[PDB]
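Pasting run.tsv here (TSV, C-alpha atoms):
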```
chain	number	residue	atom	x	y	z
C	3	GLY	CA	-6.41	-26.64	2.17
C	4	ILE	CA	-5.61	-23.18	3.58
C	5	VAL	CA	-7.54	-20.15	4.86
C	6	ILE	CA	-6.25	-16.79	3.77
C	7	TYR	CA	-7.18	-13.55	5.54
C	8	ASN	CA	-6.97	-11.46	2.39
C	9	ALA	CA	-6.72	-7.68	2.52
C	10	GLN	CA	-5.24	-7.50	-0.98
C	11	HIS	CA	-7.38	-6.74	-4.02
C	12	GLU	CA	-9.66	-9.65	-4.93
C	13	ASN	CA	-8.85	-9.69	-8.65
C	14	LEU	CA	-5.13	-10.07	-7.94
C	15	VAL	CA	-5.63	-12.73	-5.26
C	16	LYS	CA	-8.09	-14.68	-7.46
C	17	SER	CA	-5.39	-14.85	-10.17
C	18	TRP	CA	-2.81	-16.03	-7.65
C	19	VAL	CA	-5.12	-18.64	-6.14
C	20	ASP	CA	-6.09	-19.82	-9.67
C	21	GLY	CA	-2.39	-20.49	-10.47
C	22	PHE	CA	-1.47	-21.83	-7.04
C	23	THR	CA	-4.31	-24.38	-6.78
C	24	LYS	CA	-3.82	-25.41	-10.42
C	25	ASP	CA	-0.07	-25.98	-9.85
C	26	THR	CA	-0.20	-27.55	-6.37
C	27	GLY	CA	-3.71	-28.91	-5.90
C	28	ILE	CA	-3.82	-27.03	-2.57
C	29	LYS	CA	-7.28	-25.53	-2.06
C	30	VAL	CA	-7.62	-21.99	-0.79
C	31	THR	CA	-10.47	-20.27	1.03
C	32	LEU	CA	-10.47	-16.46	1.11
C	33	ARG	CA	-11.79	-14.28	3.91
C	34	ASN	CA	-11.68	-10.84	2.31
C	35	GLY	CA	-11.37	-7.62	4.28
C	36	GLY	CA	-9.43	-4.41	4.81
C	37	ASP	CA	-5.85	-4.14	6.15
C	38	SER	CA	-6.74	-2.71	9.57
C	39	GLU	CA	-9.85	-4.81	10.11
C	40	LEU	CA	-8.10	-8.10	9.36
C	41	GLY	CA	-4.88	-7.09	11.24
C	42	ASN	CA	-7.00	-6.21	14.31
C	43	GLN	CA	-9.00	-9.42	13.90
C	44	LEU	CA	-5.81	-11.50	13.87
C	45	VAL	CA	-4.46	-9.79	17.04
C	46	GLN	CA	-7.79	-10.42	18.80
C	47	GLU	CA	-7.94	-14.05	17.61
C	48	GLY	CA	-4.24	-14.67	18.34
C	49	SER	CA	-3.38	-18.38	18.45
C	50	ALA	CA	-7.08	-19.27	18.06
C	51	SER	CA	-7.27	-17.82	14.52
C	52	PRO	CA	-8.30	-20.15	11.69
C	53	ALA	CA	-6.04	-18.11	9.34
C	54	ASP	CA	-3.08	-19.83	7.69
C	55	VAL	CA	-1.92	-16.80	5.68
C	56	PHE	CA	-2.38	-12.99	5.96
C	57	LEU	CA	-2.07	-10.76	2.86
C	58	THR	CA	-2.21	-6.97	3.02
C	59	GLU	CA	-2.19	-4.01	0.71
C	60	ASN	CA	0.16	-2.06	3.06
C	61	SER	CA	2.81	-2.80	5.71
C	62	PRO	CA	1.44	-1.36	8.98
C	63	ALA	CA	-1.03	-4.26	9.43
C	64	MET	CA	1.88	-6.73	8.90
C	65	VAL	CA	3.90	-4.94	11.60
C	66	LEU	CA	0.90	-4.99	13.95
C	67	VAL	CA	0.44	-8.78	13.58
C	68	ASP	CA	4.22	-9.32	13.75
C	69	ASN	CA	4.49	-7.25	16.95
C	70	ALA	CA	1.82	-9.58	18.43
C	71	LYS	CA	4.28	-12.47	17.74
C	72	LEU	CA	1.75	-14.21	15.47
C	73	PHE	CA	3.88	-14.88	12.38
C	74	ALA	CA	5.97	-17.97	11.72
C	75	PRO	CA	9.42	-17.26	10.31
C	76	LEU	CA	9.34	-17.56	6.54
C	77	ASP	CA	11.67	-20.08	4.88
C	78	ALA	CA	15.01	-18.50	3.81
C	79	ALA	CA	14.44	-19.87	0.28
C	80	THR	CA	11.18	-17.90	0.06
C	81	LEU	CA	12.78	-14.73	1.42
C	82	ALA	CA	15.56	-14.89	-1.19
C	83	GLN	CA	12.90	-14.55	-3.94
C	84	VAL	CA	12.13	-10.93	-3.04
C	85	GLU	CA	14.51	-7.93	-3.19
C	86	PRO	CA	15.85	-7.12	0.30
C	87	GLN	CA	14.43	-3.54	0.12
C	88	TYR	CA	10.89	-5.02	-0.04
C	89	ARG	CA	11.06	-7.40	2.93
C	90	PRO	CA	11.67	-6.78	6.67
C	91	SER	CA	15.13	-7.95	7.82
C	92	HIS	CA	13.65	-10.25	10.53
C	93	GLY	CA	12.04	-12.50	7.85
C	94	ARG	CA	8.67	-13.10	9.61
C	95	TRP	CA	6.83	-11.60	6.65
C	96	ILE	CA	7.63	-10.70	3.04
C	97	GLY	CA	6.77	-8.04	0.45
C	98	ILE	CA	4.45	-9.46	-2.22
C	99	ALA	CA	3.84	-6.27	-4.28
C	100	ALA	CA	4.38	-2.51	-3.90
C	101	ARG	CA	2.67	0.78	-4.68
C	102	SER	CA	3.98	4.30	-4.97
C	103	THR	CA	2.61	7.35	-3.19
C	104	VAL	CA	1.65	9.92	-5.83
C	105	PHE	CA	0.28	13.43	-6.10
C	106	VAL	CA	-2.59	13.30	-8.59
C	107	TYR	CA	-3.59	16.70	-10.02
C	108	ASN	CA	-5.74	18.33	-12.65
C	109	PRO	CA	-3.48	20.42	-14.95
C	110	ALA	CA	-6.47	22.70	-15.68
C	111	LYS	CA	-6.72	23.54	-11.97
C	112	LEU	CA	-3.09	23.42	-10.89
C	113	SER	CA	-0.15	24.87	-12.80
C	114	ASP	CA	2.99	22.75	-13.17
C	115	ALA	CA	5.06	25.61	-11.71
C	116	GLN	CA	2.99	25.25	-8.54
C	117	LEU	CA	3.62	21.53	-7.90
C	118	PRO	CA	4.89	20.87	-4.35
C	119	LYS	CA	8.57	19.96	-3.80
C	120	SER	CA	7.65	17.92	-0.71
C	121	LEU	CA	4.70	16.23	0.95
C	122	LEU	CA	5.53	18.56	3.88
C	123	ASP	CA	4.62	21.57	1.68
C	124	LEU	CA	0.95	20.53	1.77
C	125	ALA	CA	0.86	21.86	5.37
C	126	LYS	CA	1.69	25.42	4.21
C	127	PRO	CA	-1.12	27.99	4.04
C	128	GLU	CA	-0.50	28.27	0.21
C	129	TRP	CA	-2.02	24.76	-0.04
C	130	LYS	CA	-5.28	25.49	1.82
C	131	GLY	CA	-8.29	24.14	-0.11
C	132	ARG	CA	-6.16	22.65	-2.90
C	133	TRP	CA	-5.78	18.98	-1.99
C	134	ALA	CA	-7.74	15.88	-1.05
C	135	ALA	CA	-7.08	12.53	0.63
C	136	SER	CA	-9.04	9.58	2.03
C	137	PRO	CA	-7.84	9.58	5.70
C	138	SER	CA	-10.05	6.69	6.89
C	139	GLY	CA	-8.22	4.09	4.77
C	140	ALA	CA	-5.17	1.92	5.44
C	141	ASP	CA	-3.59	3.29	2.23
C	142	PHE	CA	-3.33	6.90	3.41
C	143	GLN	CA	-2.63	5.85	6.98
C	144	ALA	CA	0.37	3.91	5.73
C	145	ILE	CA	1.70	7.10	4.07
C	146	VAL	CA	1.27	8.80	7.50
C	147	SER	CA	3.12	5.88	9.21
C	148	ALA	CA	6.05	6.48	6.84
C	149	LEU	CA	5.96	10.23	7.65
C	150	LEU	CA	5.95	9.33	11.34
C	151	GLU	CA	8.93	6.94	10.98
C	152	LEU	CA	10.88	9.42	8.88
C	153	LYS	CA	10.18	12.71	10.65
C	154	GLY	CA	9.10	11.87	14.22
C	155	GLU	CA	5.92	12.45	16.19
C	156	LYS	CA	6.21	16.23	16.64
C	157	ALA	CA	6.70	16.99	12.91
C	158	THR	CA	4.03	14.45	11.98
C	159	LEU	CA	1.38	15.83	14.36
C	160	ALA	CA	2.14	19.36	13.12
C	161	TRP	CA	1.68	18.21	9.50
C	162	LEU	CA	-1.57	16.41	10.38
C	163	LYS	CA	-3.03	19.46	12.16
C	164	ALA	CA	-2.17	21.57	9.08
C	165	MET	CA	-3.79	18.89	6.86
C	166	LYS	CA	-7.00	19.25	8.93
C	167	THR	CA	-6.93	22.98	8.02
C	168	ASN	CA	-5.96	22.53	4.37
C	169	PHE	CA	-7.35	19.29	2.96
C	170	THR	CA	-10.70	17.94	1.75
C	171	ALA	CA	-11.73	14.41	2.74
C	172	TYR	CA	-13.33	11.88	0.36
C	173	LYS	CA	-14.37	8.32	1.19
C	174	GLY	CA	-11.99	6.24	-0.86
C	175	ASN	CA	-9.02	6.96	-3.08
C	176	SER	CA	-10.91	6.28	-6.31
C	177	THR	CA	-13.34	8.96	-5.04
C	178	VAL	CA	-10.39	11.35	-4.45
C	179	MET	CA	-9.17	10.68	-8.01
C	180	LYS	CA	-12.68	11.16	-9.47
C	181	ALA	CA	-13.01	14.50	-7.62
C	182	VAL	CA	-9.66	15.66	-9.00
C	183	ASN	CA	-10.64	14.39	-12.47
C	184	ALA	CA	-13.92	16.35	-12.34
C	185	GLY	CA	-12.09	19.51	-11.12
C	186	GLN	CA	-13.94	19.50	-7.77
C	187	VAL	CA	-10.52	19.66	-6.02
C	188	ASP	CA	-7.15	20.61	-7.60
C	189	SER	CA	-5.12	17.65	-6.36
C	190	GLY	CA	-4.86	14.64	-4.09
C	191	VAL	CA	-2.49	12.26	-2.34
C	192	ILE	CA	-3.23	8.68	-3.39
C	193	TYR	CA	-1.33	5.65	-4.75
C	194	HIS	CA	-0.12	5.39	-8.33
C	195	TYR	CA	-2.20	2.42	-9.59
C	196	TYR	CA	-5.62	4.19	-9.45
C	197	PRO	CA	-5.49	6.07	-12.80
C	198	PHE	CA	-3.87	3.03	-14.52
C	199	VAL	CA	-6.63	0.73	-13.23
C	200	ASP	CA	-9.24	3.25	-14.44
C	201	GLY	CA	-7.40	3.59	-17.78
C	202	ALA	CA	-7.66	-0.18	-18.29
C	203	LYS	CA	-11.44	0.17	-17.81
C	204	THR	CA	-13.25	3.18	-19.35
C	205	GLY	CA	-10.65	5.86	-18.49
C	206	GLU	CA	-13.45	8.31	-17.67
C	207	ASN	CA	-12.42	8.81	-14.01
C	208	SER	CA	-8.80	9.62	-14.96
C	209	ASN	CA	-8.82	11.28	-18.40
C	210	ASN	CA	-8.18	14.79	-16.98
C	211	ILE	CA	-5.51	14.01	-14.39
C	212	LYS	CA	-1.73	13.80	-14.33
C	213	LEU	CA	0.53	12.13	-11.77
C	214	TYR	CA	3.46	13.81	-10.08
C	215	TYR	CA	6.05	11.77	-8.16
C	216	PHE	CA	7.76	13.52	-5.27
C	217	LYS	CA	11.02	11.50	-5.65
C	218	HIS	CA	14.16	12.72	-3.82
C	219	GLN	CA	13.55	10.37	-0.85
C	220	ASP	CA	10.73	12.67	0.35
C	221	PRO	CA	8.04	11.15	2.63
C	222	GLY	CA	5.74	11.73	-0.38
C	223	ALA	CA	7.91	9.28	-2.40
C	224	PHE	CA	7.06	6.53	0.10
C	225	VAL	CA	6.68	3.10	-1.57
C	226	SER	CA	4.13	1.12	0.46
C	227	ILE	CA	4.88	-2.60	0.51
C	228	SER	CA	2.04	-5.19	0.40
C	229	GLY	CA	2.81	-8.08	2.79
C	230	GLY	CA	2.37	-11.82	3.07
C	231	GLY	CA	2.90	-13.89	6.19
C	232	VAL	CA	2.21	-17.33	7.58
C	233	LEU	CA	0.44	-17.53	10.97
C	234	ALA	CA	2.46	-19.46	13.62
C	235	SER	CA	-0.86	-21.09	14.66
C	236	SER	CA	-1.32	-22.59	11.16
C	237	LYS	CA	-2.26	-26.27	11.06
C	238	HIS	CA	-0.95	-26.33	7.47
C	239	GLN	CA	2.48	-24.62	7.69
C	240	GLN	CA	3.93	-26.44	4.69
C	241	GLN	CA	1.01	-25.38	2.46
C	242	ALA	CA	0.98	-21.84	3.85
C	243	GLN	CA	4.74	-21.47	3.25
C	244	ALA	CA	4.15	-22.87	-0.28
C	245	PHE	CA	1.51	-20.24	-0.98
C	246	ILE	CA	3.81	-17.36	0.00
C	247	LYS	CA	6.66	-18.90	-2.00
C	248	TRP	CA	4.32	-19.24	-5.03
C	249	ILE	CA	3.03	-15.64	-5.03
C	250	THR	CA	6.52	-14.17	-4.47
C	251	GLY	CA	8.01	-16.51	-7.10
C	252	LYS	CA	7.96	-16.19	-10.90
C	253	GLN	CA	4.33	-17.40	-11.22
C	254	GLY	CA	3.01	-14.91	-8.70
C	255	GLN	CA	5.15	-12.00	-9.78
C	256	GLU	CA	4.53	-12.28	-13.55
C	257	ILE	CA	0.79	-11.84	-12.84
C	258	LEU	CA	1.62	-8.43	-11.36
C	259	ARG	CA	3.32	-7.50	-14.64
C	260	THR	CA	0.49	-8.67	-16.93
C	261	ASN	CA	-2.77	-8.04	-15.05
C	262	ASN	CA	-4.93	-4.93	-14.67
C	263	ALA	CA	-4.01	-4.08	-11.07
C	264	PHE	CA	-0.85	-2.10	-11.96
C	265	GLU	CA	0.88	-2.81	-8.65
C	266	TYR	CA	4.64	-3.29	-8.72
C	267	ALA	CA	6.45	-6.62	-8.61
C	268	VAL	CA	8.98	-6.99	-5.75
C	269	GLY	CA	10.61	-10.26	-6.85
C	270	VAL	CA	14.32	-10.35	-7.65
C	271	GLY	CA	14.59	-9.66	-11.44
C	272	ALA	CA	10.81	-9.25	-11.67
C	273	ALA	CA	9.68	-6.66	-14.21
C	274	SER	CA	6.58	-4.58	-13.49
C	275	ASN	CA	3.86	-3.42	-15.90
C	276	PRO	CA	5.59	-1.51	-18.74
C	277	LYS	CA	3.19	1.47	-18.33
C	278	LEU	CA	4.62	2.15	-14.82
C	279	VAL	CA	7.56	4.32	-13.76
C	280	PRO	CA	10.32	1.82	-12.88
C	281	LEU	CA	10.60	1.44	-9.06
C	282	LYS	CA	14.29	2.40	-9.09
C	283	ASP	CA	13.37	5.71	-10.74
C	284	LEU	CA	11.06	6.78	-7.92
C	285	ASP	CA	13.94	7.36	-5.45
C	286	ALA	CA	11.78	6.26	-2.51
C	287	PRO	CA	12.95	7.03	1.08
C	288	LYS	CA	14.42	4.14	3.01
C	289	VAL	CA	11.64	3.18	5.39
C	290	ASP	CA	11.84	0.19	7.75
C	291	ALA	CA	8.40	-1.43	7.33
C	292	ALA	CA	8.79	-3.30	10.65
C	293	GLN	CA	8.89	0.09	12.45
C	294	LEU	CA	5.62	1.35	11.00
C	295	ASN	CA	3.07	2.02	13.75
C	296	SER	CA	-0.63	2.06	12.77
C	297	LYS	CA	-1.77	2.53	16.40
C	298	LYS	CA	0.28	5.69	16.82
C	299	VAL	CA	-0.90	6.97	13.40
C	300	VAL	CA	-4.57	6.53	14.47
C	301	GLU	CA	-3.79	8.26	17.78
C	302	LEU	CA	-2.16	11.27	16.07
C	303	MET	CA	-4.73	11.52	13.29
C	304	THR	CA	-7.48	11.43	15.94
C	305	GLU	CA	-5.70	14.20	17.91
C	306	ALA	CA	-5.66	16.23	14.66
C	307	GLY	CA	-9.42	15.74	14.13
C	308	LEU	CA	-9.00	13.68	10.97
C	309	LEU	CA	-10.69	10.53	12.33
```

Rewrite the structure from the file as structure tokens, please.
Amino acid sequence: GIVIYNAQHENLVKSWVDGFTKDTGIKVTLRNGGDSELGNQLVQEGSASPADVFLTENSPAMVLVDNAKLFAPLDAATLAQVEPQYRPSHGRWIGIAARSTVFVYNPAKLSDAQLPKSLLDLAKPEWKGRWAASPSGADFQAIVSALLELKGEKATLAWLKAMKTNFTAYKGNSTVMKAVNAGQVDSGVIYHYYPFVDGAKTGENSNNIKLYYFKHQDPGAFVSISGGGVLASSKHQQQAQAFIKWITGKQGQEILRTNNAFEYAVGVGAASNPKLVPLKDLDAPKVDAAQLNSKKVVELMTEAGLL
């Protein structure tokens, strides 16, 4: 069978593997990890990697591995399954799900009149002490990579230095959301699925929050694309290609609609969970995922004292 370096959520990937192995008989072994850890591991391993497939929560780790020339081109027939806006034009990896950047806030602590028009507003002195993020994670760093692509290094560094002044760090986005929910901090920049996931459980980490979507093609409206790719070094290319085709096809994408992960489907004609704001309604900025640069983000965030 196949080895998957899996940086996606385990519940989601377990569902996919369940369906895939049932339908194909192809066995799957997961090596679970984080986006940056597994991306770095693949670059280090290069052609010696045992990995057949790489799955990520966000795009910068896909771009990293792609820039290292480690991905096999995906079959055209697989690529056609996913909307063009959720796959890089070069076709060496594919979107498998998406998540929206969101501003979570506690309406008891932050007035609606005071909601920011732009992610860039969070740099202003008016925002000092009011917002939280989890800077150590691939999730937030992918938002920063989008900011970098959209606005350039100078504007991005300036925003990051201001963030150092203004923001409060928590370890993990669910932690950020819990803090906001408890009123320990007024607001936070996370991804949209957190309160939905919590709502499907006990709801007690999310019962006091609301979500605000930046929209208007702002960097804060960034839709982060989860990626799937087949390693060029794979001994099982046919099976690896089949896995990516399966998860980006109807069987893979319907699971995104029905499960408790609340991440968006990216398949052509694929509906997402009915609780979610439709993707088209978010008015996300056009961001070339292949241009996203996790190394430069780490460099700039380190310069700003965030890492």

> At what distance in Å, to one decimal, does atom CA of residue 105 of chain C lie from atom CA of residue 305 of chain C?
Replying inline: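 Between atom CA of residue 305 of chain C and atom CA of residue 105 of chain C the gap works out to 24.8 Å.
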
>> Can you measure atom CA of residue 11 of chain C to atom CA of residue 79 of chain C for me? One decimal in Å is fine.
In response: 25.8 Å

> Which residue, C:60, C:136, C:250, C:275, has the smallest gap to residue 82 of chain C when you use all atoms listed in the file?
Replying inline: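 Under the stated criterion, the closest residue is C:250.
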
>> Just checking: using all atoms listed in the file, which residue out of C:144, C:125, C:270, C:300 ends up closest to residue 163 of chain C?
In response: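 The shortest atom-to-atom distance to residue 163 of chain C comes from C:125.
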
>> Residues near residue 235 of chain C, anyone? I mean within 9 Å using only C-alpha atoms, not counting same-chain ones fewer than 2 positions away, as a list in words.
In response: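 The neighbour list is residues 48, 49, 50, 51, 52, 53, 54, 72, 73, 74, 232, 233, 237, 238 and 239 of chain C.
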